[PDB]
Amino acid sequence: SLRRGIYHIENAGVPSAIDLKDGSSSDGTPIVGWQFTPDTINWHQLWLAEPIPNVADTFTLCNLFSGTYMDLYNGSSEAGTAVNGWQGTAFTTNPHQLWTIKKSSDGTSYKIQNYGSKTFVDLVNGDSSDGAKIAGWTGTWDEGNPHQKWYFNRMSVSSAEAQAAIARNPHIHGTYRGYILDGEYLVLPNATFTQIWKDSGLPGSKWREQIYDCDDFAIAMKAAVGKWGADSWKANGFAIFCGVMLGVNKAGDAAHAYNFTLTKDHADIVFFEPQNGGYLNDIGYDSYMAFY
């Protein structure tokens, strides 16, 4: 089954993602095919899949930016029926906004079926143009038709996945304790993580003994990523990944506070130095505490 989380949904035939046009919150905003840039935030192209309890493999799909839901217009089963953003709720009973999502016949891409109509999300004609129509269309679960096949490129980690990335790391102290704050996290590209650091004003901050030292930099960076999350996205039910760690050096006679993020493959953590914006695989300390 597709896991709860945030997805960049990319057509299997052409490099077009499912895009809520101009990120508009208006009811009936077209959802279209649009080109995308890897290792960026694709602002109009992120979808929070929320599993419906007791209805197998069936989800709402909420646009992270707009906070509006992928909606089959009037739930029509006619081929070519508009797929739009529409106001709704994460556990709606409105079948216009319920989507059964299961693996295609290629075992890697998915098909997206409207729960009400039993028609499929279709990039009409496989058109690769920016703003190409996406519609509900007749189809089958088993057929090869790439118009109706969608890679769910996973952009978020569970707290369990983040816990596993930390536990893999070779710089964890024997006394380590980790404190988990949320359930599902958007993983940022380093380019975005860096931009939030810059926009916080931290690059201008001076180290001062106790009054603005390592712990102040690390906590300011976590607060800044928190603020950016709330200020940037209209959807609820996820957080932004940014960790704080306290570490101790090999000699056991010096400690340091810093941040950490996750690799592109979500398998490992990377240390971030909020005093200079560096990324490091080894920051010269082993973590004895994290909160994220």
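By rigid core we mean the largest C-alpha set that fits within 1.5 Å across both forms. Position 1 is the first residue in the sequence shown; the rest follow in order.
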{"query": "Core-aligned Cα RMS comparison in 5 other deposited structures of this protein - stretch that moves more, 248-256 or 43-51", "finding": "248-256"}
{"query": "More shifted region, core-based fit in 5 other deposited structures of this protein, 83-91 vs 175-183 by CA", "finding": "175-183"}
{"query": "Higher-B stretch (mean Cα B-factor, as the entry records it), 275-283 or 17-25", "finding": "275-283"}
{"query": "Mean C-alpha temperature factor, higher of 229-237 and 245-253", "finding": "245-253"}
{"query": "Largest Cα B-factor, entry values, listed residues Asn84, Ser117, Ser156, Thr194", "finding": "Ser117"}
{"query": "Third of the chain's Cα B-factor distribution that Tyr7 belongs to, per the entry", "finding": "lowest"}
{"query": "Modelled-residue ranking by C-alpha temperature factor, third containing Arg177", "finding": "highest"}
{"query": "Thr60 - which third its CA temperature factor falls in, relative to the rest of the chain", "finding": "middle"}
{"query": "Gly139, C-alpha B-factor rank within chain (lowest, middle or highest third)", "finding": "middle"}
{"query": "Third of the chain, ranked by Cα B-factor, where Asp215 sits", "finding": "lowest"}
